[PDB]
Amino acid sequence: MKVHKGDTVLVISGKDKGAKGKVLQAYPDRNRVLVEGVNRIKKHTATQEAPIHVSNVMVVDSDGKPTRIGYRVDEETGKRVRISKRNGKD
Amino acid sequence: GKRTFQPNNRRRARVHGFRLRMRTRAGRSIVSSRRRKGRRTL
Amino acid sequence: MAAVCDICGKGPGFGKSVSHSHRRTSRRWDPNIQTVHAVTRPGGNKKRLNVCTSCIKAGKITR
Amino acid sequence: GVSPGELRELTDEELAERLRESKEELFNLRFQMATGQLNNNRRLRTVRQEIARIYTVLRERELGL
Amino acid sequence: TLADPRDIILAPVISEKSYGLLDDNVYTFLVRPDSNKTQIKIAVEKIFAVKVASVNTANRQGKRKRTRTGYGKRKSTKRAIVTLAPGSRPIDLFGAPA
RNA sequence: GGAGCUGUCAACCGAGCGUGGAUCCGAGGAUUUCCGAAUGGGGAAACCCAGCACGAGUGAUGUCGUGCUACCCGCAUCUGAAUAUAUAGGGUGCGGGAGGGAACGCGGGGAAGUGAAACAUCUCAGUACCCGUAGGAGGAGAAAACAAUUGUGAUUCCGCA
RNA sequence: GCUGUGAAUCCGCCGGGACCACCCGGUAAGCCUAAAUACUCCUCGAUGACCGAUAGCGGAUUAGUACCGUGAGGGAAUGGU
RNA sequence: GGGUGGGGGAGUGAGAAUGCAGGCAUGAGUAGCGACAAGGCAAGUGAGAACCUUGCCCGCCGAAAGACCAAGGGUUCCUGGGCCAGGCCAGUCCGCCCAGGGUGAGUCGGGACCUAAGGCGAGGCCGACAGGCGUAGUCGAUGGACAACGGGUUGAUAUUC
RNA sequence: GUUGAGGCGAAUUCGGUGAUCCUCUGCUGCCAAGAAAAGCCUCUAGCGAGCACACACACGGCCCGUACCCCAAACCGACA
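Here it is, written out as structure tokens:
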């Protein structure tokens, strides 16, 4: 995954398609993440958010529509800058 | 008269122990076969 | 007394014994090894040496 | 805990003294483990790692460094 | 490396029996199954700066606990019973009577 | 290389770490209990008991820690008996070996079953198996060879004959 | 290869399918020699008109385990929300 | 994940091998339920008791159905807890399952002392090789040597504390 | 003595019978003629200048097993 806890994503598939929210947790090998307010589970003791597979979401560029995460050349003493297409900024 | 087997581990070691297998060239070849098959030896 | 010649490496030959009916069996051709004492210089200690006859004809000849 | 470089700036006796201190630390902590009087369990790992650092510093100290 | 007696004693044995043994300052510890009575007296007397009267050692086997198919086995830890002499200083195992 | 980790089995807890570069992946390095060719000696392997030296410790024996000590072969080298030279042997020191390794190769050893509608000769076969002993490939090799007058000019391997 | 007898140094010796003569080829009884070649326990990558859990190695699952046998050795079955 | 059609290629068609692996039937709720020592009663535990518990009777071995060692087994001992499965039934209890605890040695039986029968067996002899026998030396007890007796206690240990 | 524990606690004298044990590694008798080595004691070669014996005080005295069954339900017999 190219996404971490500080990113906001849009659900692009599934019954929750259209939902946005902040990433709360990630499980790399499973490639599943927790997103506030997406897949609710009406079970508590004995609306809990469930992990969803990354390919059903797309990272929002924080400046409009969903975008694809890309990399460039910057380095600057060990610092990989993460950008995107269509006016990438971070 | 009516018996079949009367175990005694000391004797078992001195007779069937792998130390005795090491004593001979033949015994060593036995052990090396057991290693390849993957078994716990005597 | 067919030990490999101490000073040559001559060992025994192995092969067959062709009987009248051509029936083969196993036999051995041991070299004619004789017992001699080993001497390196005049008045030596006379150790021992199992040696082939060809060397008795020429080589470590003591007595 | 203590950084390896900080350990490397010490000569000999400071190393032995810190070593003894850490062994006493494990000596106490595992007794607290035996009796249940301890929450911070990872402290054991910290101290064991410190000891290992001490020994490797000693070997490199005598040998090529 | 050299002169390290603290690695011999691993812990104090916590049981009703070891509680009863507190009388006359007799304390039970788990030890490395390599050491002996002499290392134990030397280490304890040095570490705690006390007088040990005598030490009665024992080995003990673990229990062969069953799994879903096969069997396991816990460690067969060696232990030792340290009897302190009359007049020596009692030691405080962190306020842990057992 | 990069934001999450504390392996898995079976995952419920607890307590911590992480932008100062964690966890993780690759190399190098140190450490590396005990057994095993096993090599200080012994031995029901994973046990026991010792010697020497340096060092730790005790009022003092005990105890501990780290190195060293198997055998054989060869080399150097001292003495070199029995007896006179002298040698075997002995002593000191320096190098190497043993054991593993799925298959392949070389040298040496060497059956039966079966076939032959019996069966010995023969075959199955110089196979199975075993011993020695290496290698990365090995072995073989540079003509005291072929052909028989076109003559060729180290070896090995495949296909024809 | 083994045992006894036991040659020569170029007007020599060996060989050319018993053997002799002529002719021809070549000089043994010291050593080293890569390439073409044989095999894959094992380590990456790739394919497959090969099976898809009574098949594939026996081993997709605590596998050479459990278990049987004093021992050499023999040697299981169990996948799917 | 498959149909129609032309082609290619098969571990290709199960009804039997006293066939194999799995599952399930008849016999059948039959036989059997494991020495010709014998149980019975009351109260109690408990959803549930002829089989566990506590009391009281009865009966049996008593040179063994008693109490201790070795060999062997290798946690089966104790406490607490459970009763899907096991025990030839039930079974609150157990030598079944889980968790936890428990084995204290200068003097008891072994190594720290040797040794017989006997094995290894450098050196060495013999043997194609592998290898076989065997001296020194060293191992190997049921033997020989060697210093301990009584009482009490814990849930369990005892010539051990 | 909620019967778990705990406390008090007398007399303990004569005789008989009688061992497979000790005296006995002994005595007597028979023929099958009945184990090594250490250890122990003693003697010399050897070490030989600081040792030998009595009293007390103080030390240290190693390692495995030591739980549970022993003609049995726990070992060998495929099972209690």
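Residue numbers (the numbering used here), protein chains in the order written: chain A, 1 to 90; chain B, 1 to 42; chain C, 1 to 63; chain D, 1 to 65; chain E, 1 to 98. Just so it is clear, CB atoms sit at the ideal spot from N, CA and C, and this is done for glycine as well.
For residue i, count neighbouring C-beta atoms within 10 Å of its own C-beta (all shown protein chains included) and say buried if the count is 16 or more, exposed if not.
i                     : result
residue 37 of chain D : exposed
residue 52 of chain C : buried
residue 10 of chain E : buried
residue 3 of chain D  : exposed
residue 22 of chain D : buried
residue 46 of chain A : exposed
residue 52 of chain A : buried
residue 23 of chain A : buried
residue 2 of chain E  : exposed
residue 13 of chain B : exposed
residue 31 of chain C : buried
residue 7 of chain D  : buried
residue 67 of chain A : buried
residue 26 of chain C : exposed
residue 84 of chain A : buried
residue 33 of chain A : buried
residue 61 of chain C : exposed
residue 33 of chain C : buried
For the alpha helix (DSSP H) that contains residue i, what are its first and last residues?
i                     : result
residue 33 of chain D : 13 to 35
residue 48 of chain E : 37 to 48
residue 9 of chain B  : 9 to 16
residue 49 of chain D : 42 to 62
residue 20 of chain E : 16 to 20
residue 9 of chain E  : Premise fails: residue 9 of chain E lies in the beta strand (DSSP E), 9 to 12, not in any alpha helix (DSSP H).
residue 15 of chain C : From DSSP, residue 15 of chain C is part of no alpha helix (DSSP H) but of the beta strand (DSSP E) over 13 to 16.
residue 30 of chain B : 25 to 37
residue 37 of chain A : It is not in any alpha helix (DSSP H) - residue 37 of chain A carries neither H nor E in the DSSP assignment.
residue 5 of chain D  : 4 to 8
Output yes or no for whether 7 Å exceeds the beta carbon distance between residue i and residue j.
i                     : j                     : result
residue 26 of chain E : residue 83 of chain E : yes
residue 15 of chain E : residue 51 of chain E : no
residue 21 of chain A : residue 35 of chain A : yes
residue 26 of chain A : residue 38 of chain A : no
residue 24 of chain B : residue 34 of chain B : no
residue 49 of chain C : residue 39 of chain C : no
residue 72 of chain E : residue 65 of chain E : yes
residue 35 of chain D : residue 58 of chain E : no
residue 8 of chain E  : residue 53 of chain E : no
residue 69 of chain A : residue 17 of chain A : no
Please report the residue range of the beta strand (DSSP E) in which residue i lies.
i                     : result
residue 84 of chain A : 82 to 84
residue 70 of chain A : 69 to 71
residue 21 of chain A : 20 to 27
residue 58 of chain A : 57 to 59
residue 8 of chain A  : 8 to 11
residue 47 of chain A : Here residue 47 of chain A belongs to no beta strand (DSSP E), and DSSP marks it neither H nor E.
Could you say if the region 4 to 21 of chain A and the region 57 to 75 of chain A meet the contact criterion of at least three C-beta pairs nearer than 8 Å?
yes
Closer than 8 Å is the cut-off here; do at least three beta carbon pairs connect the region 64 to 82 of chain E with the region 22 to 38 of chain E?
yes
Only counting runs of 3 or more residues, tell me where the beta strand (DSSP E) segments fall wholly within the region 24 to 59 of chain C, in order along the chain.
26 to 29, 34 to 36 and 49 to 51
Taking 8 Å as the threshold, find out whether the region 11 to 30 of chain D comes into contact with the region 46 to 65 of chain D through three or more Cβ pairs.
yes
Kindly provide the ranges of any beta strand (DSSP E) runs that are 3 or more residues long and lie completely inside the region 53 to 87 of chain E, ordered along the chain.
78 to 84
If we count Cβ pairs, one from each stretch, closer than 8 Å, do we get three or more for the region 36 to 56 of chain E versus the region 55 to 64 of chain D?
Between the region 36 to 56 of chain E and the region 55 to 64 of chain D, the count of Cβ pairs shorter than 8 Å is below three; the stretches do not touch.
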